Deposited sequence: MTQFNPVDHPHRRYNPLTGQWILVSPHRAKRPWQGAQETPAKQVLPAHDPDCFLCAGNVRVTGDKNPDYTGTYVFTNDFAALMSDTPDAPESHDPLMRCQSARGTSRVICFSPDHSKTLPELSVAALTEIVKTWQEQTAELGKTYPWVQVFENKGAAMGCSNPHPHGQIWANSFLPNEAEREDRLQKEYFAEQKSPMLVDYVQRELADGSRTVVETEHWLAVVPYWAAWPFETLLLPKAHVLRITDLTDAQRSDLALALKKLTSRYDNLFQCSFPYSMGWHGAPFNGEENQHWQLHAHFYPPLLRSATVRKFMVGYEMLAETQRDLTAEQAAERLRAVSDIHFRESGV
């Protein structure tokens, strides 16, 4: 029999991590089975004008608001751990900080539900923070964890930003791998990849003037996406004001497609990867954002990345292509905003 990945199992390589993903397409050929918050909450610790758990009061903010995590997992003055070469048990130093970013004072409006202007303000804030912390730390990680399924206790819409005095696992790896690719190809790995997907279209989910979001060829989560700018850009702080407002639009369309997929607020973990502030030639980088969502079949049926996946290799049944196709099928205007 002749090989046809739409029918036959195989593994796909993720050039950003150097790992493979096992795909079992015959397992996803079964048809598909069927199937209100206040703008302000009195007890919400993230709400404007409320006191946090430590007693501090948030300001009467009108847009975004950033504050130092009251239980920061890292600090800036941590002493250095001693050096060691123990090939079995050894530790290194860890300094950094963590901040929380409320997207807007409206306790009930998630990203796909915010105006493009509000979202543009969010991008701004991400830039300012990345720009400020990068003055001191080489890796600044902006991210968001949304939804109870992702463990989020508090539903007020917000993200987080952690700064590290070191390049965390994912960052050093993508840094390294992108660098080799560039040393080898003379062009940035993700800039080229964008070209290829723009040309193909099978995994494309949102395309705007300056951005493209696709379910990557090597996606691990069912509806995982990769949002990248179409031009070479190293960090979020390097976007032009036009790419910036367009990113706002791209985000709104992407997350609206996610919510419309199951017509529910779509949980996920997302974040941005950009060049580290380590003072090196960072040409090889291409800024991008990953969105890793757990839902698989409905609002209640998700994917569990356990067992075989933890002990051996990530595996998926639904193809990245079928995923993208289901995502293209829905509208890119949030259901709550269209009323349909």
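**Q** Point out each run of deposited residues with no C-alpha coordinates, keeping the order of the sequence.
**A** Holes in the chain trace, numbered from 1: 1, 37 to 43.
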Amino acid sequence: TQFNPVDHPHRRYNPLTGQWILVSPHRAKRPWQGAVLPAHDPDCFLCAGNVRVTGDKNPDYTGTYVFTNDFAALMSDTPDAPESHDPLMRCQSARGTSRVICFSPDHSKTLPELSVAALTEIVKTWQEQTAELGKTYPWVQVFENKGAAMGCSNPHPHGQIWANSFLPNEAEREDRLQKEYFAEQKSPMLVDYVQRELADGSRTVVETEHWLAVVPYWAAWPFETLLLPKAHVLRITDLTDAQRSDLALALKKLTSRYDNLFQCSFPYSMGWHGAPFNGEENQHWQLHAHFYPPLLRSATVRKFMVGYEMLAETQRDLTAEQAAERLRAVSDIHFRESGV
From here on, numbers count along this sequence of modelled residues.
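**Q** On average, which has the higher Cα B-factor in the deposited entry, 222 to 230 or 179 to 187?
**A** Comparing 222 to 230 with 179 to 187, the higher average CA B-factor belongs to 179 to 187.
**Q** Averaging CA B factors per stretch from the PDB record, which one is higher: 49 to 57 or 308 to 316?
**A** Higher mean C-alpha B-factor in the PDB entry: 49 to 57.
**Q** From the list 286, 64, 300, 278, select the residue with the highest C-alpha B factor recorded in the entry.
**A** Highest C-alpha B-factor among the listed residues goes to 300.
**Q** So where's residue 266 on the chain's Cα temperature factor ranking, which third?
**A** Tercile = highest for this residue's CA B-factor.
**Q** Considering only modelled residues of the same chain, in which third does the CA B-factor of residue 146 rank: lowest, middle or highest?
**A** Its C-alpha B-factor, which the entry lists for residue 146, ranks in the lowest third among residues of this chain.
**Q** In terms of the chain's CA B-factor thirds, is residue 77 lowest, middle or highest?
**A** Answer is highest: the recorded C-alpha B-factor places it there.
**Q** Which third of the chain does residue 91 land in by C-alpha B-factor: lowest, middle or highest?
**A** Within its chain, residue 91 is a middle-third residue by C-alpha B-factor, going by the deposited values.
**Q** Lowest, middle or highest third: where is residue 159 by C-alpha B factor in its chain?
**A** Lowest third of the chain for residue 159's C-alpha B-factor.
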